[PDB]
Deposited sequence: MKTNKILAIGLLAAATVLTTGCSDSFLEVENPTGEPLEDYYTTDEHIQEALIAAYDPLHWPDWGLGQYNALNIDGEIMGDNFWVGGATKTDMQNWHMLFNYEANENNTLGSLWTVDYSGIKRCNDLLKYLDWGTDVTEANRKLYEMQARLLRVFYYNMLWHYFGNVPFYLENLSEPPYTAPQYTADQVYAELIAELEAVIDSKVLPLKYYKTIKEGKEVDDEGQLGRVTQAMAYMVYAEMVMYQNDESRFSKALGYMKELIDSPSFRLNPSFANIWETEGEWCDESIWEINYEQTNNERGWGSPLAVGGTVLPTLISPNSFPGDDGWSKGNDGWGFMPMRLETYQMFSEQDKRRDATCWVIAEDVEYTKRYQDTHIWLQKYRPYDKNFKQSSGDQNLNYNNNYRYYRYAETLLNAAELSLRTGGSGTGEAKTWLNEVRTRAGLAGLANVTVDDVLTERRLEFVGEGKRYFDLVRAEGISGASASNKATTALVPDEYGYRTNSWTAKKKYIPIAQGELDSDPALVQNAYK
């Protein structure tokens, strides 16, 4: 049945949502992508409230204090993808066209789930068939890369997936697309520092820039509103509801116009004052990024409180699905990242600082209300990424990959940016052994073949 195959395909999309629905405990992909970076404090009630997040933040995670749930989510996704791909040959009434569409969606989701494992843990069990015989060989991070990027190249070269819309059907928005595939491709090539693939990744970014179907939202602020969901900037979103606005809002808040007294806020991800202060007064991203609460407004201050929070995913009564869940879609890939990806890839393949790289970076700066740069360097692109993507889980991975980027300044590299602060919160400096977080002791106990990452 095409009906049953479609059910199995929906099942393969489902784990994308599991972090924000609460697999054992509440979690969010942007929290996981931000806590090891320099934009936020972890917060919560105290330093033992999500102790694993506090320990990751300080490069002191261990096999009992890591992101084990993300491993379970990703391998659950992978198992459902592998199952869908098994079922596709046992499909009788499914057309060749729909089979290829179902196949390429499952394979791209599978790359997506492996990409998350690779980013966080690096050295992971790698299988493209479920094990009914029952564990897979642990690959090195570099082996996982070689496999994943080969698999993604096969998916992209098929030219099966539609660029932006399934046939144009607004009610299938959330499916993976060729445009989403291009963004994963660019992301992985850049994270690996795989120079052999920079020109191809640039080519894919220029197809999206040359396309009539994508543009920057004229208002950065409007991106984050419910009406901004699936605007023409949006390449891929995860549809919701989500607990995220509960996690990253102030506790016992007396209420404002958009959010009533008596709603839960757990006080995670206080925004650092340094993050507010890096924006110019003219930068339109500052007020869309930073929810500043006046010092005179009394809420219950939690650990590392700054009276600044992330505006992009702040709770509003109108967005409710105690009431812990909200309707905010998670914006995963935006066309702002297409332009900044392209500008960087152009500069790192010999491109002119006054050529296409300047046009693309300046389109992002202009949307934000800033003056264009007359000449663009790779360090300018990394700085623009920091301003553009606060609270979107980009900054930490950008700081780590920048270890391999020749013209990166100290403020844009993990080893020099991720250092102790004046408040005594972060007391360790990031080093290369912190690049792959600990595997959870439970996984080691299930699989005696697994080797722990040398993180300690």
Numbered from 1 on the deposited sequence, the unmodelled stretches are 1-42, 176-177, 212-219, 293-308, 390-394
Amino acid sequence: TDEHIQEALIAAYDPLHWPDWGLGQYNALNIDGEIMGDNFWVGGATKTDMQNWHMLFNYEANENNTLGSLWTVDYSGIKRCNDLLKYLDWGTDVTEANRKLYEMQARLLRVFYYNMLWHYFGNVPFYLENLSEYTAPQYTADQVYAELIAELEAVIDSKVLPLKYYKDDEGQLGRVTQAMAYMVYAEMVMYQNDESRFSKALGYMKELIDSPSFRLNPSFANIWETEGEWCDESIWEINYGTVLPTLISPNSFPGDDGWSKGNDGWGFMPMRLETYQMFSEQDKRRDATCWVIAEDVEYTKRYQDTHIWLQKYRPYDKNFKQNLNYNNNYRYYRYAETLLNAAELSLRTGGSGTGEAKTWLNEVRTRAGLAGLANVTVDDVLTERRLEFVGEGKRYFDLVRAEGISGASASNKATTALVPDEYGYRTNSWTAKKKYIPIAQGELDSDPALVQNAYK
From here on, numbers count along this sequence of modelled residues.
The stretch carrying the higher mean Cα B factor in the deposited entry, 439-447 or 14-22, is 14-22
The stretch whose C-alpha atoms carry the larger average B-factor in the entry, 252-260 or 197-205, is 252-260
Entry record, C-alpha B-factors for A136, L345, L109, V376; the maximum is at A136
In this crystal structure's PDB entry, the residue among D74, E281, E337, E384 with the greatest CA B factor is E281
The third of the chain into which the C-alpha temperature factor of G353 falls is the middle
So, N341's CA B-factor, relative to its chain, sits in which third? The lowest
Of the three thirds of Cα B-factor ranks in this chain, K312 occupies the lowest
Among the modelled residues of its chain, the C-alpha B-factor of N27 falls in the third labelled highest
Of the three thirds of the chain ranked by Cα temperature factor, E233 occupies the middle
